[PDB]
């Protein structure tokens, strides 16, 4: 009914005609203000081949306000709080309304291969990312395999 609910509709159209590689996203058939997304981790990244579930919650302040996003699948990333919240720069303090769902999911995917220990949200992850890199890859691989459930 509202313009937020037809903008969301525009993002949904984008997710079909030019669905970006490695992601899916769809709002509940009843509630358009709530979306199931999922991301696949990229090749030559320690998150390769993962299948991470994501929840997006939208209010009537969209696209002026970015939605709340969290992974449902267990995660291990320096920019990932244990509740699934994310520390991405274009979500907090570099957000623009012209970013849609498709550009948000992919702006998150990039974080996998390119983490940001500069704004660390999970201490352990940013740590191993500099000390025991091999061991860090091990924990990320646990994450990936669990994501296939």
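Residue numbers count along the first chain shown, from 1.
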* Between 38-46 and 78-86, name whichever shows the higher mean Cα B factor according to the PDB entry. => 78-86
* **Between 47-55 and 118-126 (mean CA B-factor, as deposited), the higher** => 118-126
* **residue 9, C-alpha B-factor rank within chain (lowest, middle or highest third)** => highest
* Structure fact -> residue 141: C-alpha B-factor third of its chain, per the entry, is the lowest
* Based on the entry's values, in what third of the chain does the Cα temperature factor of residue 109 lie: lowest, middle or highest? -> lowest
